[PDB]
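A.B. asks: Residue numbers (the deposited numbering), protein chains in the order written: chain A, 2 to 362; chain B, 9 to 362.
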Amino acid sequence: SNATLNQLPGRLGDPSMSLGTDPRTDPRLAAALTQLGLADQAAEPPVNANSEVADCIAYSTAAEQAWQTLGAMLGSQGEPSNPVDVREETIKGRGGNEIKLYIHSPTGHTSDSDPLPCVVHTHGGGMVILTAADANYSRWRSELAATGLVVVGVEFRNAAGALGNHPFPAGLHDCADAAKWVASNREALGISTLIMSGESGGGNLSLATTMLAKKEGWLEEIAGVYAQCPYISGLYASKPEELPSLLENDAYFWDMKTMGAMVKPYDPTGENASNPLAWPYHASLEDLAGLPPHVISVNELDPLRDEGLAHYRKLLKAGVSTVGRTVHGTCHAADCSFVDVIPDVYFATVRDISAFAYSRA
Amino acid sequence: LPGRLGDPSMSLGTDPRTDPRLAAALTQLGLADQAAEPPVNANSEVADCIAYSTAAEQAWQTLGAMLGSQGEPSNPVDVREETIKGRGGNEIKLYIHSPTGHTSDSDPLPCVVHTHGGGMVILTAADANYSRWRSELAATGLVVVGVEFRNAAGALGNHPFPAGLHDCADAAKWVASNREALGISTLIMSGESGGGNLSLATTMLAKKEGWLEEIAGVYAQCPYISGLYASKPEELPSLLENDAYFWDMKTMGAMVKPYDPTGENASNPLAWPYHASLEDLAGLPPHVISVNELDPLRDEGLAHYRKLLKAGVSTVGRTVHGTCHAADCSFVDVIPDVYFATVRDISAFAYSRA
Numbered sequence: 002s003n004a005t006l007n008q009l010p011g012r013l014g015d016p017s018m019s020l021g022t023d024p025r026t027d028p029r030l031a032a033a034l035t036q037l038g039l040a041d042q043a044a045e046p047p048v049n050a051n052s053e054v055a056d057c058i059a060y061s062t063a064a065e066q067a068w069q070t071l072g073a074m075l076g077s078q079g080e081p082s083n084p085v086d087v088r089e090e091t092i093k094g095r096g097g098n099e100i101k102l103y104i105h106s107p108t109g110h111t112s113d114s115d116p117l118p119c120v121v122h123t124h125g126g127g128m129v130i131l132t133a134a135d136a137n138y139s140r141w142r143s144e145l146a147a148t149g150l151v152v153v154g155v156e157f158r159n160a161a162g163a164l165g166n167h168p169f170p171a172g173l174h175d176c177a178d179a180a181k182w183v184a185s186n187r188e189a190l191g192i193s194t195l196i197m198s199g200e201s202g203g204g205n206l207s208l209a210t211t212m213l214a215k216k217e218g219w220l221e222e223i224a225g226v227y228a229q230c231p232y233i234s235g236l237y238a239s240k241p242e243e244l245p246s247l248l249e250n251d252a253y254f255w256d257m258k259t260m261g262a263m264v265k266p267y268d269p270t271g272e273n274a275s276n277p278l279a280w281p282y283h284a285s286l287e288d289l290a291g292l293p294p295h296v297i298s299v300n301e302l303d304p305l306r307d308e309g310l311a312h313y314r315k316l317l318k319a320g321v322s323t324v325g326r327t328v329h330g331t332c333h334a335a336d337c338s339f340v341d342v343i344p345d346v347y348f349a350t351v352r353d354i355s356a357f358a359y360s361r362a
Numbered sequence: 009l010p011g012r013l014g015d016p017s018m019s020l021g022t023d024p025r026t027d028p029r030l031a032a033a034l035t036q037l038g039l040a041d042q043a044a045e046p047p048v049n050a051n052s053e054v055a056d057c058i059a060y061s062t063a064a065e066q067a068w069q070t071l072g073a074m075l076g077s078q079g080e081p082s083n084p085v086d087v088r089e090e091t092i093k094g095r096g097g098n099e100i101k102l103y104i105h106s107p108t109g110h111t112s113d114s115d116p117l118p119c120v121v122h123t124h125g126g127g128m129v130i131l132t133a134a135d136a137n138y139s140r141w142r143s144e145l146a147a148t149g150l151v152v153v154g155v156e157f158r159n160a161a162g163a164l165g166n167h168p169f170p171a172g173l174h175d176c177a178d179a180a181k182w183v184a185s186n187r188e189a190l191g192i193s194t195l196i197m198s199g200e201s202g203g204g205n206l207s208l209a210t211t212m213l214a215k216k217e218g219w220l221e222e223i224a225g226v227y228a229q230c231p232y233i234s235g236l237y238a239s240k241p242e243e244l245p246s247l248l249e250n251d252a253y254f255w256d257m258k259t260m261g262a263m264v265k266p267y268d269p270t271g272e273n274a275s276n277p278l279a280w281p282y283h284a285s286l287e288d289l290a291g292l293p294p295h296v297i298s299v300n301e302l303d304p305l306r307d308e309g310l311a312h313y314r315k316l317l318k319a320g321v322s323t324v325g326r327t328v329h330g331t332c333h334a335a336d337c338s339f340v341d342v343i344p345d346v347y348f349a350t351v352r353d354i355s356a357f358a359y360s361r362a
């Protein structure tokens, strides 16, 4: 797709290709990445899938700061065109830990207004790093709220970094418990329906939260899922031939050695490598049967693209109503962050999520 | 490699990428297997290509009626007809769809000027699938103007390029001069396949004619814009990969000829937008290009998306997965989530330009 009969795309056709030289990159994004030094192939990481778990945790904790600074650079330079209120709520997880929730809503929305659709947002970071308080995620939740939504940002436990060190299934349980709390407080929040949404590791968590809701018998509370560039195979070390994008777009923003290392803090024993609740790509059809409508939205120049598209096809095979989209010209999660560079793409996704949430009400 | 690049016998019915709901519907309709070789091709006489197109029109209209007439929007819509005069004096009928109770005294709504598909050669705005599409868009809170433009063949033929283009431009100009009367706040062009061509070309023509400021954006679906179906250039792999998925490229090679019988406009961007230079595109308003994954036209749409970006146009590019050519414009009873995802995307884009 978007290729030539004379050359396979990306690194499949030219191993030296990068986001800065790929003819598919949106030139505005290529220029911004070039300015930030992130258009060339990503640097070799100091850890990989052969590294010790403790070393993967330590590296992730150090890498968190760099990624948070990039997110702040990208997300803190503006605010939504419509005014938004943000308040904090703390709830109790199933095991007794406190879960902070950042609740964004249009200013002047109350339990007495007409109810708005709700997005329970699960942020990215491979389930290992980054926080809901990061500027890019706060900006995203506020831009969603400004379209007429109540957006609940879950501050779930991470496998490493500032909110670590809590392997699977800690973060999943926090996301599920947050969704259950929202579902029990529809009148107080002033909401009409609930969808799960998030990107990359947060796309994993939104998908897995919904599968867990099915397993626990409260699936009726979740009206839909909008999963962006989902990080769901866990296969970044082995590069299986069913997932060519892992080679085609390797070191476009992310080198797959980094992701192979980041798998380990989430599942230190490796016992959950094929557990669909940890890595939804490994779901069977019975795991997916009966799920509510899904949208899977992948990025064209993302090494994760093909596992997202494979999961889209599997959802359909299981009978789930599923819409599949590629956002062209973008590296991994770029439409979630580069609001100042590709605002039309960023807001096309914001509007798509909002319209989907309204369509479930 | 995917589709017929890896397996020349593959079809929509056997391609693992097809949405299984759509594959089942196509199978039931006899459209899942590879499309048949047509009795005409790009080497046929113009008169034979016209006759063939005219014969195919009624069959395609019947399919459109089957797919589009089995329901109605969840919100009530009014449809009225208006007739305007084109630049050459011909009458252009307009189907104007709006939410019931919308007037020039209501708060203004965004407007979509819709240019229907059919390769610029066949089909009509009155076809049930196009009427359904315009009403479903209107039901989201839009005024939707369906242009009944002249065709190169069929019931509304036989008028080669640029007749239909001029009708679309003149309708858009009329809408732009009647914003208060229609109760509208902004105007975007939108359509699929041959109608994606016409929406793109109308906007390029507005630049050439000095009224570009009237158009706030373009939402072009699965655009039919290269004209290269006979030669199958190496830059467009989908032409081989998805050949005879719904459309065989010999058929489209024949249907090119009524639009431009001499071939003298084969590189004219107003006839075939894929051939635009960067200067043809400079300054254009924001675009969305939305292609179908299993469509032989996919790659010319994506190439044009990239060219728009290279020219500095704000452009969003989307693939709708699991779909053959234009399936999200028609298969409302089979893949409603996909169909309405596209309806909502277009509506939200129109609102974003107001």
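For each residue, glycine too, the CB sits at the ideal point set by N, CA and C.
Check each candidate in B:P245, B:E144, B:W182 and name the one with the smallest Cα separation from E222 (chain B).
C.D. replies: That would be B:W182, whose Cα lies nearest to the Cα of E222 (chain B).
A.B. asks: Examine chain B for any beta-carbon lying closer than 8 Å to the beta-carbon of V324 (chain A), and answer yes or no.
C.D. replies: yes
A.B. asks: Between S139 (chain B) and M257 (chain A), what straight-line distance do the alpha-carbon atoms span, to the nearest angstrom?
C.D. replies: 49 Å
A.B. asks: Between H283 (chain B) and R314 (chain B), what straight-line distance do the alpha-carbon atoms span, to the nearest angstrom?
C.D. replies: 13 Å
A.B. asks: Since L39 (chain A) and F254 (chain A) should fall inside the 8 Å C-beta cutoff, what is the C-beta to C-beta distance between them, to a whole number of angstroms?
C.D. replies: 7 Å
A.B. asks: Taking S207 (chain A) as the reference, give the member of A:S193, A:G235, A:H174, A:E89 with the closest Cα.
C.D. replies: It is A:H174.
A.B. asks: Under 8 Å, do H295 (chain A) and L278 (chain A) count as touching if we go by C-beta distance?
C.D. replies: no
A.B. asks: Rank B:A189, B:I233, B:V151 by C-alpha distance to the C-alpha of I196 (chain B) and give the top, closest one.
C.D. replies: B:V151
A.B. asks: Name the residues in the region 304 to 315 of chain B whose C-beta lies less than 8 Å from a C-beta of chain A; which are they?
C.D. replies: Listed by position along the chain: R306, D307, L310, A311, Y313, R314.
A.B. asks: Please list the partners that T123 (chain A) has in chain B, where partner means a Cβ-to-Cβ separation under 7 Å.
C.D. replies: What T123 (chain A) touches in chain B: nothing, since even the nearest Cβ is about 21 Å away.
A.B. asks: Have a look at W280 (chain A) and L310 (chain B) and give me their C-alpha separation to the nearest angstrom.
C.D. replies: 32 Å
A.B. asks: Shorter than 8 Å from the beta carbon of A40 (chain B) to some beta carbon of chain A?
C.D. replies: no
A.B. asks: Examine chain A for any beta-carbon lying closer than 8 Å to the beta-carbon of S360 (chain B), and answer yes or no.
C.D. replies: yes
A.B. asks: Under 9 Å between beta-carbons, which chain A residues line up against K93 (chain B)? List them in chain order, please.
C.D. replies: Here the premise fails: no neighbours, minimum Cβ distance about 36 Å.
A.B. asks: Does DSSP classify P241 (chain B) as helix, strand or coil?
C.D. replies: coil
A.B. asks: Where do the ends of the alpha helix (DSSP H) carrying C176 (chain B) lie?
C.D. replies: 171 to 184
A.B. asks: Can you tell me whether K318 (chain B) is buried or exposed? The criterion is at least 16 other CB atoms within 10 Å of its CB, across all chains shown.
C.D. replies: exposed
A.B. asks: Please compile the residues from chain A whose C-beta is within a distance smaller than 7 Å of the C-beta of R352 (chain B).
C.D. replies: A356, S360
A.B. asks: Examine the Cβ distances between the region 221 to 240 of chain A and the region 299 to 306 of chain A and report whether three or more of them are shorter than 8 Å.
C.D. replies: yes
A.B. asks: For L248 (chain A), name the three-state secondary structure that DSSP assigns.
C.D. replies: helix
A.B. asks: I want to see whether chain A comes within less than 8 Å of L317 (chain B), judged by CB atoms only; does it?
C.D. replies: yes
A.B. asks: Considering only C-alpha positions, which residue in the set A:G191, A:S17, A:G203, A:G199 is nearest to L117 (chain A)?
C.D. replies: Selected option, being the one with the closest Cα: A:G191.
A.B. asks: Please state whether DSSP places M197 (chain A) in a helix, a strand or coil.
C.D. replies: strand
A.B. asks: Exposed or buried, what is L75 (chain B) when buried is set at 16 or more other beta-carbons lying within 10 Å of its beta-carbon?
C.D. replies: buried
A.B. asks: Mind listing, in chain order, the continuous alpha helix (DSSP H) runs of no fewer than 4 residues lying wholly within the region 117 to 165 of chain A?
C.D. replies: You should have 136 to 147.
A.B. asks: Under 7 Å from any heavy atom of the ligand MG, does the C-beta of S143 (chain A) make it?
C.D. replies: Annotation note on the ligand MG: not contained in the displayed structure, which lists no ligands.
A.B. asks: Under 8 Å Cβ-Cβ, which residues of chain A neighbour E242 (chain B)?
C.D. replies: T5, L6, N7
A.B. asks: Classify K265 (chain B) as buried or exposed, calling it buried when 16 or more other Cβ atoms lie within 10 Å of its own Cβ.
C.D. replies: buried
A.B. asks: Mind listing, in chain order, the continuous beta strand (DSSP E) runs of no fewer than 3 residues lying wholly within the region 311 to 360 of chain B?
C.D. replies: 323 to 332
A.B. asks: Pick out whichever of A:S82, A:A179, A:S143 has its Cα sitting closest to the Cα of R158 (chain A).
C.D. replies: Looking at A:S82, A:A179, A:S143, the one whose alpha-carbon comes closest to that of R158 (chain A) is A:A179.
A.B. asks: So, does the CB of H283 (chain B) fall closer than 8 Å to a CB anywhere in chain A?
C.D. replies: No, its Cβ sits nowhere closer than 8 Å to a Cβ of chain A.
A.B. asks: What is the rounded straight-line gap between the Cα of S61 (chain A) and the Cα of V129 (chain A)?
C.D. replies: 7 Å
A.B. asks: For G149 (chain A), which residues in chain B fall below 9 Å Cβ to Cβ?
C.D. replies: Near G149 (chain A) there are no residues of chain B at all, since even the closest Cβ is about 11 Å away, more than 9 Å.
A.B. asks: Taking the alpha helix (DSSP H) that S207 (chain A) falls in, what are its first and last residues?
C.D. replies: Looking at the DSSP string, the run of the alpha helix (DSSP H) that includes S207 (chain A) is 202 to 217.
A.B. asks: Keeping to the same chain, check which residues put their C-beta closer than 7 Å to that of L213 (chain B); ignore five residues upstream and five downstream.
C.D. replies: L173, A177, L278
A.B. asks: Name the chain A residues whose beta carbon is nearer than 8 Å to that of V346 (chain B)?
C.D. replies: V324
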